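Visitor: turn this into a model:
(2 chains)
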Number of protein chains: 2
Amino acid sequence: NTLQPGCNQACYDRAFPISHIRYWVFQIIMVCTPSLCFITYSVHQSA
Amino acid sequence: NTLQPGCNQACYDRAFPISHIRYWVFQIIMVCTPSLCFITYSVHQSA
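Guide: Numbers count the residues shown, from 1 in each chain, chains lettered A, B, ... in the order given. Below you will find the coordinate block:
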């Protein structure tokens, strides 16, 4: 509720510094990473 | 600086409850009144 240009952008950035979806995507990939490490090590060990 | 309907009216009314011009008009007429009283009394006295 304002007439000031740029207030919307600053206020949204302050309210939601990082969106939930991006945090969750990062978490999912990071949590899957160790399984990838183990699988790649297993592949390397054989041949 | 707002998007709220009616904010302009309320804020103007609070800032300037009575305009200077109307106060000055009232003052001028009121200050002239006693001379009017004296003149009308003088007219009444004669005839």
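Visitor: how about the secondary structure of residue A:3?
Guide: Under DSSP: H, G, I helix; E, B strand; the rest coil, residue A:3 falls in the coil class.
Visitor: scratch that, residue A:18 is what I was asking about
Guide: Under three-state DSSP, residue A:18 comes out as coil.
Visitor: near chain B, which residues of chain A show up?
Guide: Listed as neighbours of chain B in chain A under the rule Cβ under 8 Å from any Cβ of the partner chain: A:1, A:2, A:3, A:4. All C-beta spots, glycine's among them, are computed from the backbone N, C-alpha and C.
Visitor: give me phi/psi at the second one?
Guide: Listed backbone geometry of residue A:2 is phi -170, psi 160, with angles given as degrees, to the nearest 10.
Visitor: tell me which helix or strand residue A:41 sits in.
Guide: For residue A:41, the host element (DSSP states H and E) is helix A:20-45.
Visitor: follow-up on the earlier one: reformat the residues of chain A next to chain B as JSON lines; add distance to residue A:21 and neighbour count.
Guide: Output for the residues of chain A next to chain B, formatted as JSON lines (distance: Cβ to Cβ, whole Å; neighbours: other Cβ atoms under 10 Å in any protein chain shown):
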{"residue": "A:1", "distance to residue A:21": "27", "neighbour count": "7"}
{"residue": "A:2", "distance to residue A:21": "27", "neighbour count": "12"}
{"residue": "A:3", "distance to residue A:21": "31", "neighbour count": "8"}
{"residue": "A:4", "distance to residue A:21": "29", "neighbour count": "10"}
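Visitor: now these as CSV including distance to residue A:18?
Guide: Putting the residues of chain A next to chain B into CSV (distance: Cβ to Cβ, whole Å) gives the following:
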residue, distance to residue A:18
A:1, 25
A:2, 24
A:3, 28
A:4, 25
